[PDB]
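So this one's entry-v5.txt, compact mmCIF, C-alpha atoms and all ligand atoms:
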```
# COMPACT_ATOMS: atom_id res chain seq x y z
CA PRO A 1 49.96 83.52 46.63
CA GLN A 2 46.38 83.10 45.44
CA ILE A 3 46.25 83.02 41.63
CA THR A 4 42.99 83.56 39.72
CA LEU A 5 42.40 82.16 36.25
CA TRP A 6 41.11 85.03 34.06
CA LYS A 7 44.70 85.13 32.74
CA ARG A 8 47.17 82.28 32.09
CA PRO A 9 48.92 81.41 35.38
CA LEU A 10 52.41 82.19 34.09
CA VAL A 11 55.15 82.52 36.69
CA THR A 12 58.86 83.23 36.72
CA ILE A 13 61.02 80.23 37.53
CA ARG A 14 64.74 80.00 38.22
CA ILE A 15 66.60 76.92 36.97
CA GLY A 16 70.39 76.61 36.55
CA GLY A 17 70.67 80.34 37.34
CA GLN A 18 68.37 81.16 34.39
CA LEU A 19 65.01 82.93 34.57
CA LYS A 20 62.16 81.51 32.45
CA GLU A 21 58.38 81.96 32.25
CA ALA A 22 56.38 78.75 32.89
CA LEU A 23 52.69 77.87 33.03
CA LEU A 24 51.27 76.35 36.21
CA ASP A 25 49.50 73.41 34.64
CA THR A 26 47.31 71.21 36.86
CA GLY A 27 46.40 69.03 33.83
CA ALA A 28 50.06 68.04 33.32
CA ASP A 29 51.45 65.06 35.27
CA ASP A 30 55.00 66.16 34.46
CA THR A 31 57.04 69.33 34.27
CA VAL A 32 58.07 69.89 30.67
CA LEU A 33 60.42 72.63 29.49
CA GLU A 34 61.30 73.79 26.00
CA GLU A 35 64.70 72.85 24.59
CA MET A 36 67.50 73.91 26.92
CA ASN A 37 70.77 72.59 28.27
CA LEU A 38 70.85 70.86 31.64
CA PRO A 39 73.91 69.10 33.07
CA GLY A 40 74.18 65.46 34.09
CA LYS A 41 72.87 62.12 32.92
CA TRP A 42 69.41 62.02 31.34
CA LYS A 43 67.12 59.23 30.17
CA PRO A 44 65.17 59.17 26.92
CA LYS A 45 61.43 59.14 27.66
CA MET A 46 58.20 59.44 25.69
CA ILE A 47 55.16 61.34 26.93
CA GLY A 48 51.65 61.83 25.55
CA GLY A 49 49.48 64.95 25.32
CA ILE A 50 46.48 66.17 23.36
CA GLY A 51 48.19 65.81 19.94
CA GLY A 52 50.02 62.52 20.48
CA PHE A 53 53.40 61.44 21.79
CA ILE A 54 56.78 63.17 21.79
CA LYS A 55 60.29 62.26 22.83
CA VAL A 56 61.78 64.10 25.78
CA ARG A 57 64.98 64.03 27.85
CA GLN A 58 64.37 63.17 31.49
CA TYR A 59 66.54 64.93 34.12
CA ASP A 60 66.09 63.97 37.76
CA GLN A 61 66.55 65.99 40.95
CA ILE A 62 66.78 69.37 39.26
CA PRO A 63 66.18 72.36 41.56
CA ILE A 64 63.63 74.91 40.35
CA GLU A 65 62.47 77.92 42.36
CA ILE A 66 58.88 78.67 41.36
CA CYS A 67 57.62 82.09 42.47
CA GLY A 68 60.23 81.86 45.28
CA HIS A 69 59.20 78.33 46.37
CA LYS A 70 61.87 75.66 46.15
CA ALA A 71 61.32 72.38 44.33
CA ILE A 72 63.78 69.60 43.48
CA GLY A 73 62.56 66.98 41.03
CA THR A 74 62.12 65.58 37.57
CA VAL A 75 62.22 67.92 34.60
CA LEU A 76 61.44 66.74 31.07
CA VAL A 77 63.02 68.72 28.21
CA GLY A 78 61.48 68.54 24.73
CA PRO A 79 59.06 69.98 22.15
CA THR A 80 56.32 71.25 24.47
CA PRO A 81 54.46 74.31 23.04
CA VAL A 82 55.23 76.21 26.27
CA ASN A 83 57.17 75.67 29.50
CA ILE A 84 54.82 73.88 31.91
CA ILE A 85 55.06 73.17 35.61
CA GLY A 86 53.17 69.94 36.28
CA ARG A 87 51.84 68.15 39.32
CA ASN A 88 55.18 66.52 40.28
CA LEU A 89 56.49 69.99 41.28
CA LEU A 90 53.15 71.72 42.04
CA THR A 91 52.75 69.29 44.98
CA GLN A 92 56.28 70.12 46.22
CA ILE A 93 55.48 73.84 46.46
CA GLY A 94 52.14 73.13 48.18
CA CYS A 95 49.95 74.24 45.29
CA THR A 96 46.24 73.34 45.52
CA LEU A 97 43.02 74.12 43.63
CA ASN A 98 40.31 75.85 45.65
CA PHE A 99 36.64 76.59 44.93
CA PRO B 1 36.66 72.14 48.51
CA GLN B 2 40.46 72.10 48.39
CA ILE B 3 41.93 69.71 45.81
CA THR B 4 45.55 68.58 46.27
CA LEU B 5 47.54 67.50 43.23
CA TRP B 6 48.99 64.16 44.43
CA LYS B 7 46.64 62.63 41.83
CA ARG B 8 44.96 64.06 38.73
CA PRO B 9 42.31 66.65 39.67
CA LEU B 10 39.38 64.73 38.18
CA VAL B 11 35.86 65.83 39.11
CA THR B 12 32.37 64.88 37.98
CA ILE B 13 30.79 67.25 35.46
CA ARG B 14 27.34 67.23 33.90
CA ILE B 15 26.54 68.23 30.35
CA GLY B 16 22.86 67.64 29.66
CA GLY B 17 22.09 63.96 30.18
CA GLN B 18 25.75 62.96 30.40
CA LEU B 19 27.96 62.74 33.47
CA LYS B 20 31.70 62.64 32.78
CA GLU B 21 34.95 62.78 34.67
CA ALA B 22 37.01 65.87 33.71
CA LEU B 23 40.34 67.45 34.71
CA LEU B 24 40.33 70.81 36.42
CA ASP B 25 43.04 72.13 34.13
CA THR B 26 44.73 75.50 34.74
CA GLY B 27 46.91 74.91 31.65
CA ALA B 28 43.89 74.82 29.30
CA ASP B 29 42.64 78.20 27.99
CA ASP B 30 39.30 76.66 27.05
CA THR B 31 37.35 73.55 27.97
CA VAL B 32 37.83 70.51 25.72
CA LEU B 33 35.44 67.56 25.87
CA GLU B 34 35.59 64.11 24.34
CA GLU B 35 33.64 63.53 21.15
CA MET B 36 29.91 64.08 21.68
CA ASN B 37 27.02 65.18 19.44
CA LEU B 38 25.90 68.43 21.11
CA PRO B 39 22.97 70.46 19.76
CA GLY B 40 23.40 73.86 18.10
CA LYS B 41 25.79 75.91 15.99
CA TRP B 42 29.54 75.40 16.15
CA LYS B 43 32.76 76.39 14.35
CA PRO B 44 35.85 74.30 13.53
CA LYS B 45 39.13 75.15 15.29
CA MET B 46 42.62 73.64 15.65
CA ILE B 47 44.14 73.52 19.15
CA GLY B 48 47.75 72.67 19.93
CA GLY B 49 49.39 70.85 22.83
CA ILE B 50 52.02 68.22 23.50
CA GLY B 51 52.26 66.05 20.37
CA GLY B 52 50.72 68.62 18.02
CA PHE B 53 47.21 69.69 17.13
CA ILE B 54 43.72 68.25 17.11
CA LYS B 55 40.69 69.56 15.27
CA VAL B 56 37.74 70.49 17.49
CA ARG B 57 34.22 71.90 17.15
CA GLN B 58 33.66 75.07 19.19
CA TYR B 59 30.21 75.38 20.78
CA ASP B 60 29.32 78.53 22.72
CA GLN B 61 27.09 79.16 25.73
CA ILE B 62 26.87 75.48 26.71
CA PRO B 63 25.77 74.94 30.34
CA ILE B 64 28.00 72.62 32.34
CA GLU B 65 27.56 71.72 36.00
CA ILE B 66 30.87 71.09 37.81
CA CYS B 67 30.52 69.58 41.30
CA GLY B 68 27.12 71.28 41.61
CA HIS B 69 28.49 74.69 40.50
CA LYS B 70 26.82 76.26 37.45
CA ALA B 71 28.93 77.27 34.48
CA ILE B 72 28.06 78.33 30.93
CA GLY B 73 30.53 78.95 28.16
CA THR B 74 32.63 77.77 25.28
CA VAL B 75 33.22 74.06 24.93
CA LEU B 76 35.58 72.56 22.33
CA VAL B 77 34.50 69.07 21.26
CA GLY B 78 37.01 66.73 19.68
CA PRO B 79 39.23 63.65 19.88
CA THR B 80 40.82 64.42 23.21
CA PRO B 81 41.90 61.47 25.41
CA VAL B 82 40.58 63.22 28.54
CA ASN B 83 37.80 65.70 29.31
CA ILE B 84 39.34 69.04 30.25
CA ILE B 85 37.72 71.90 32.19
CA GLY B 86 39.65 74.97 31.11
CA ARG B 87 40.10 78.44 32.57
CA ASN B 88 37.01 79.78 30.78
CA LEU B 89 34.80 77.70 33.10
CA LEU B 90 37.17 77.39 36.09
CA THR B 91 36.79 81.13 36.79
CA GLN B 92 32.97 80.81 36.79
CA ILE B 93 32.97 78.18 39.56
CA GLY B 94 35.38 80.23 41.70
CA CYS B 95 38.45 78.05 41.19
CA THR B 96 41.84 79.47 42.18
CA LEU B 97 45.39 78.13 42.53
CA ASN B 98 46.89 78.59 46.01
CA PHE B 99 50.32 77.99 47.56
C1 LIG C 101 50.01 74.41 25.81
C2 LIG C 101 49.88 74.05 27.27
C3 LIG C 101 49.25 72.69 27.52
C4 LIG C 101 50.15 71.56 26.98
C5 LIG C 101 47.82 72.65 26.95
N1 LIG C 101 47.15 71.36 27.26
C6 LIG C 101 46.61 71.30 28.64
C7 LIG C 101 47.47 70.33 29.46
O1 LIG C 101 47.13 70.43 30.86
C8 LIG C 101 47.32 68.88 28.99
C9 LIG C 101 45.99 68.21 29.37
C10 LIG C 101 45.96 66.77 28.86
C11 LIG C 101 46.05 65.71 29.77
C12 LIG C 101 46.04 64.38 29.32
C13 LIG C 101 45.94 64.11 27.96
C14 LIG C 101 45.84 65.16 27.06
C15 LIG C 101 45.86 66.48 27.50
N2 LIG C 101 48.37 68.10 29.61
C16 LIG C 101 49.35 67.53 28.93
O2 LIG C 101 49.63 67.75 27.77
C17 LIG C 101 50.08 66.46 29.69
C18 LIG C 101 49.35 65.46 30.35
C19 LIG C 101 49.99 64.46 31.08
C20 LIG C 101 51.38 64.46 31.14
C21 LIG C 101 52.10 65.46 30.48
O3 LIG C 101 53.45 65.49 30.53
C22 LIG C 101 51.44 66.47 29.76
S1 LIG C 101 46.07 70.88 26.11
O4 LIG C 101 45.44 69.72 26.61
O5 LIG C 101 46.87 70.64 24.94
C23 LIG C 101 44.95 72.07 25.73
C24 LIG C 101 43.73 72.22 26.39
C25 LIG C 101 43.01 73.32 25.89
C26 LIG C 101 43.73 73.95 24.89
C27 LIG C 101 43.27 75.17 24.15
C28 LIG C 101 44.01 75.82 23.20
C29 LIG C 101 43.20 76.88 22.80
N3 LIG C 101 42.03 76.87 23.50
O6 LIG C 101 42.09 75.82 24.34
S2 LIG C 101 45.28 73.27 24.50
```
Before anything else, please render the file you have as structure tokens.
Amino acid sequence: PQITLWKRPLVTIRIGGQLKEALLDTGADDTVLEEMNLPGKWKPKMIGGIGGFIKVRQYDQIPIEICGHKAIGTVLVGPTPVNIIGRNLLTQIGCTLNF
Amino acid sequence: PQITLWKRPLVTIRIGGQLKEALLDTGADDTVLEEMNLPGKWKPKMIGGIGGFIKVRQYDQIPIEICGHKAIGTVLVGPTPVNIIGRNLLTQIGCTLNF
């Protein structure tokens, strides 16, 4: 689709058979989801945003379907204010900015 | 233009006599610029992201040129690590997300 920006670009994602709302976030390098359970081995990681650094759990090669487009990649789980889809997965689904 | 998201979507913006690199950021409701002493009235605000909150000064009806496109609107000025063009100005320059 084409998505305009008068509203937050929130989309439904499917991950582990669960439906969540996430923000398409071109200013985020990474995809960061609020606390949830994901299976498999994870690595402790730290990431930085506008307010400083937080600790997250890094899961690799997690499938997410974003608006019906399939991605498989790195998902960080931790205290983000909202679920965000970052550039690592935006590139996989062919998302671009256009003006 | 079309901007892919393999790298950060940094573009040149102009604010008065200052040229800066800023993120085209669909995850940002409003534009946030690095500390700078802009003329005119403003109001303090707290904005939250990854890591917590920062305090900013909200200026309204500030003209910003973004890749030659004219915009005018709210700009939040504070101790952000990166200049951020938010949805409030992205819409004005005709920026959409596409996939
Ligand atoms: C709540 C949703 C967002 C977290 C809001 N922010 C916009 C993000 O795109 C942010 C941009 C960023 C990039 C690099 C360093 C610091 C920040 N990215 C990130 O936080 C980021 C950057 C790099 C890697 C990563 O894993 C995350 S944000 O930066 O916190 C933000 C912008 C405008 C906001 C607002 C609130 C009310 N009115 O306006 S809140």
Around (37.4, 73.8, 14.0) in the file's frame, which residues reach within 6 Å when counting all atoms listed in the file? Return as a list in words?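 Those residues, ordered by chain and then number, are residues 43, 44, 45, 46, 55, 56 and 57 of chain B.
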Quick one: which chain A residues come within 6 Å of ligand LIG 101 (chain C), and what is the nearest atom pair for each with the distance in Å to one decimal, counting only C-alpha atoms and all ligand atoms, rows ordered by chain and ascending number, as JSON lines?
```
{"residue": "A:25", "atom": "CA", "partner": "C:LIG101", "partner_atom": "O1", "distance": 5.4}
{"residue": "A:27", "atom": "CA", "partner": "C:LIG101", "partner_atom": "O1", "distance": 3.4}
{"residue": "A:28", "atom": "CA", "partner": "C:LIG101", "partner_atom": "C17", "distance": 4.0}
{"residue": "A:29", "atom": "CA", "partner": "C:LIG101", "partner_atom": "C20", "distance": 4.2}
{"residue": "A:30", "atom": "CA", "partner": "C:LIG101", "partner_atom": "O3", "distance": 4.3}
{"residue": "A:47", "atom": "CA", "partner": "C:LIG101", "partner_atom": "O3", "distance": 5.8}
{"residue": "A:49", "atom": "CA", "partner": "C:LIG101", "partner_atom": "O2", "distance": 3.7}
{"residue": "A:50", "atom": "CA", "partner": "C:LIG101", "partner_atom": "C14", "distance": 3.9}
{"residue": "A:81", "atom": "CA", "partner": "C:LIG101", "partner_atom": "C1", "distance": 5.2}
{"residue": "A:82", "atom": "CA", "partner": "C:LIG101", "partner_atom": "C1", "distance": 5.5}
```
Please give the root-mean-square deviation of the Cα atoms once chain A has been least-squares fitted onto chain B, pairing every Cα in order.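 Once chain A is fitted onto chain B, the C-alpha RMSD works out to 0.7 Å.
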Is it possible to get the residues within 12 Å of (66.1, 81.8, 37.0) (coordinates as in the file, counting all atoms listed in the file) written as an MDAnalysis selection string? chainID A and resid 11:22 63:68 70
Counting all atoms listed in the file, which residues from chain A have an atom at most 6 Å from any atom of chain B, and could you show them as a list in words? residues 1, 2, 3, 4, 5, 25, 26, 27, 49, 50, 51, 52, 53, 54, 80, 87, 91, 94, 95, 96, 97, 98 and 99 of chain A
So how far away is atom CA of residue A:71 from atom CA of residue A:41, in Å?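 One can read the atom CA of residue A:41 to atom CA of residue A:71 distance as 19.2 Å.
Taking atom CA of residue B:31 as the reference point, atom CA of residue B:74 is found at 6.9 Å.
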Give the padded box for stretch 38-43 of chain B as JSON: axis-aligned, covering all atoms listed in the file, 8 Å on each side, centre and edge lengths in Å to one decimal.
```
{"center_x": 27.9, "center_y": 72.4, "center_z": 17.7, "size_x": 25.8, "size_y": 24.0, "size_z": 22.8}
```
Pairwise distance for atom CA of residue B:35 and atom CA of residue B:59, rounded to one decimal in Å: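 Here the two named atoms are 12.3 Å from each other.
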Can you fill out stretch 5-30 of chain B with N, CA, C and O atoms and hand it back as a PDB file, keeping the file's coordinate frame?
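In the end it all went to part14.pdb:
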```
ATOM      1  N   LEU B   5      47.141  67.900  44.573  1.00  0.00           N
ATOM      2  CA  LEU B   5      47.540  67.500  43.230  1.00  0.00           C
ATOM      3  C   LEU B   5      48.424  66.242  43.268  1.00  0.00           C
ATOM      4  O   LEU B   5      49.155  65.960  42.319  1.00  0.00           O
ATOM      5  N   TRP B   6      48.321  65.468  44.354  1.00  0.00           N
ATOM      6  CA  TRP B   6      48.990  64.160  44.430  1.00  0.00           C
ATOM      7  C   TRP B   6      48.510  63.246  43.292  1.00  0.00           C
ATOM      8  O   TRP B   6      49.287  62.445  42.738  1.00  0.00           O
ATOM      9  N   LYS B   7      47.220  63.347  42.971  1.00  0.00           N
ATOM     10  CA  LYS B   7      46.640  62.630  41.830  1.00  0.00           C
ATOM     11  C   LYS B   7      46.010  63.654  40.886  1.00  0.00           C
ATOM     12  O   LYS B   7      45.922  64.833  41.206  1.00  0.00           O
ATOM     13  N   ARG B   8      45.596  63.189  39.714  1.00  0.00           N
ATOM     14  CA  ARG B   8      44.960  64.060  38.730  1.00  0.00           C
ATOM     15  C   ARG B   8      43.699  64.671  39.327  1.00  0.00           C
ATOM     16  O   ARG B   8      42.922  63.968  39.963  1.00  0.00           O
ATOM     17  N   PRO B   9      43.492  65.981  39.116  1.00  0.00           N
ATOM     18  CA  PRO B   9      42.310  66.650  39.670  1.00  0.00           C
ATOM     19  C   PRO B   9      41.059  66.386  38.828  1.00  0.00           C
ATOM     20  O   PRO B   9      40.532  67.291  38.186  1.00  0.00           O
ATOM     21  N   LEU B  10      40.596  65.138  38.867  1.00  0.00           N
ATOM     22  CA  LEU B  10      39.380  64.730  38.180  1.00  0.00           C
ATOM     23  C   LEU B  10      38.163  65.001  39.059  1.00  0.00           C
ATOM     24  O   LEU B  10      38.176  64.704  40.260  1.00  0.00           O
ATOM     25  N   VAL B  11      37.124  65.563  38.448  1.00  0.00           N
ATOM     26  CA  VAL B  11      35.860  65.830  39.110  1.00  0.00           C
ATOM     27  C   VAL B  11      34.727  65.417  38.179  1.00  0.00           C
ATOM     28  O   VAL B  11      34.919  65.278  36.970  1.00  0.00           O
ATOM     29  N   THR B  12      33.545  65.226  38.755  1.00  0.00           N
ATOM     30  CA  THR B  12      32.370  64.880  37.980  1.00  0.00           C
ATOM     31  C   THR B  12      31.740  66.153  37.411  1.00  0.00           C
ATOM     32  O   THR B  12      31.470  67.115  38.146  1.00  0.00           O
ATOM     33  N   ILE B  13      31.514  66.159  36.101  1.00  0.00           N
ATOM     34  CA  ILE B  13      30.790  67.250  35.460  1.00  0.00           C
ATOM     35  C   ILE B  13      29.510  66.698  34.808  1.00  0.00           C
ATOM     36  O   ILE B  13      29.410  65.509  34.496  1.00  0.00           O
ATOM     37  N   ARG B  14      28.540  67.576  34.625  1.00  0.00           N
ATOM     38  CA  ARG B  14      27.340  67.230  33.900  1.00  0.00           C
ATOM     39  C   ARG B  14      27.160  68.138  32.701  1.00  0.00           C
ATOM     40  O   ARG B  14      27.252  69.362  32.804  1.00  0.00           O
ATOM     41  N   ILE B  15      26.884  67.514  31.567  1.00  0.00           N
ATOM     42  CA  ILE B  15      26.540  68.230  30.350  1.00  0.00           C
ATOM     43  C   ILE B  15      25.285  67.558  29.798  1.00  0.00           C
ATOM     44  O   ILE B  15      25.318  66.425  29.318  1.00  0.00           O
ATOM     45  N   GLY B  16      24.158  68.245  29.942  1.00  0.00           N
ATOM     46  CA  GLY B  16      22.860  67.640  29.660  1.00  0.00           C
ATOM     47  C   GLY B  16      22.647  66.320  30.383  1.00  0.00           C
ATOM     48  O   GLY B  16      22.733  66.234  31.615  1.00  0.00           O
ATOM     49  N   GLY B  17      22.370  65.275  29.609  1.00  0.00           N
ATOM     50  CA  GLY B  17      22.090  63.960  30.180  1.00  0.00           C
ATOM     51  C   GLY B  17      23.321  63.082  30.334  1.00  0.00           C
ATOM     52  O   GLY B  17      23.197  61.863  30.416  1.00  0.00           O
ATOM     53  N   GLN B  18      24.505  63.696  30.377  1.00  0.00           N
ATOM     54  CA  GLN B  18      25.750  62.960  30.400  1.00  0.00           C
ATOM     55  C   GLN B  18      26.564  63.411  31.606  1.00  0.00           C
ATOM     56  O   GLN B  18      26.747  64.611  31.824  1.00  0.00           O
ATOM     57  N   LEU B  19      27.013  62.453  32.407  1.00  0.00           N
ATOM     58  CA  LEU B  19      27.960  62.740  33.470  1.00  0.00           C
ATOM     59  C   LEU B  19      29.311  62.182  33.036  1.00  0.00           C
ATOM     60  O   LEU B  19      29.393  61.072  32.504  1.00  0.00           O
ATOM     61  N   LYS B  20      30.360  62.977  33.235  1.00  0.00           N
ATOM     62  CA  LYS B  20      31.700  62.640  32.780  1.00  0.00           C
ATOM     63  C   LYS B  20      32.691  63.013  33.861  1.00  0.00           C
ATOM     64  O   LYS B  20      32.428  63.890  34.685  1.00  0.00           O
ATOM     65  N   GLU B  21      33.835  62.352  33.855  1.00  0.00           N
ATOM     66  CA  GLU B  21      34.950  62.780  34.670  1.00  0.00           C
ATOM     67  C   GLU B  21      35.816  63.733  33.833  1.00  0.00           C
ATOM     68  O   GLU B  21      36.100  63.445  32.667  1.00  0.00           O
ATOM     69  N   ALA B  22      36.190  64.876  34.410  1.00  0.00           N
ATOM     70  CA  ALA B  22      37.010  65.870  33.710  1.00  0.00           C
ATOM     71  C   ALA B  22      38.095  66.459  34.619  1.00  0.00           C
ATOM     72  O   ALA B  22      37.908  66.579  35.834  1.00  0.00           O
ATOM     73  N   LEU B  23      39.227  66.811  34.010  1.00  0.00           N
ATOM     74  CA  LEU B  23      40.340  67.450  34.710  1.00  0.00           C
ATOM     75  C   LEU B  23      40.054  68.919  34.959  1.00  0.00           C
ATOM     76  O   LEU B  23      39.684  69.646  34.045  1.00  0.00           O
ATOM     77  N   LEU B  24      40.292  69.375  36.175  1.00  0.00           N
ATOM     78  CA  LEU B  24      40.330  70.810  36.420  1.00  0.00           C
ATOM     79  C   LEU B  24      41.719  71.267  35.963  1.00  0.00           C
ATOM     80  O   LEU B  24      42.727  71.000  36.638  1.00  0.00           O
ATOM     81  N   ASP B  25      41.773  71.944  34.816  1.00  0.00           N
ATOM     82  CA  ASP B  25      43.040  72.130  34.130  1.00  0.00           C
ATOM     83  C   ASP B  25      43.406  73.609  33.934  1.00  0.00           C
ATOM     84  O   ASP B  25      42.944  74.263  32.990  1.00  0.00           O
ATOM     85  N   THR B  26      44.275  74.110  34.806  1.00  0.00           N
ATOM     86  CA  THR B  26      44.730  75.500  34.740  1.00  0.00           C
ATOM     87  C   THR B  26      45.602  75.798  33.514  1.00  0.00           C
ATOM     88  O   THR B  26      45.822  76.963  33.175  1.00  0.00           O
ATOM     89  N   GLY B  27      46.103  74.750  32.854  1.00  0.00           N
ATOM     90  CA  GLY B  27      46.910  74.910  31.650  1.00  0.00           C
ATOM     91  C   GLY B  27      46.109  75.031  30.359  1.00  0.00           C
ATOM     92  O   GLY B  27      46.681  75.288  29.316  1.00  0.00           O
ATOM     93  N   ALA B  28      44.794  74.809  30.446  1.00  0.00           N
ATOM     94  CA  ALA B  28      43.890  74.820  29.300  1.00  0.00           C
ATOM     95  C   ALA B  28      43.144  76.152  29.233  1.00  0.00           C
ATOM     96  O   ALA B  28      42.427  76.509  30.174  1.00  0.00           O
ATOM     97  N   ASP B  29      43.313  76.896  28.134  1.00  0.00           N
ATOM     98  CA  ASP B  29      42.640  78.200  27.990  1.00  0.00           C
ATOM     99  C   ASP B  29      41.132  78.007  27.955  1.00  0.00           C
ATOM    100  O   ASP B  29      40.376  78.762  28.580  1.00  0.00           O
ATOM    101  N   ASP B  30      40.707  76.996  27.201  1.00  0.00           N
ATOM    102  CA  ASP B  30      39.300  76.660  27.050  1.00  0.00           C
ATOM    103  C   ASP B  30      39.077  75.189  27.356  1.00  0.00           C
ATOM    104  O   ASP B  30      40.005  74.372  27.348  1.00  0.00           O
TER     105      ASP B  30
END
```
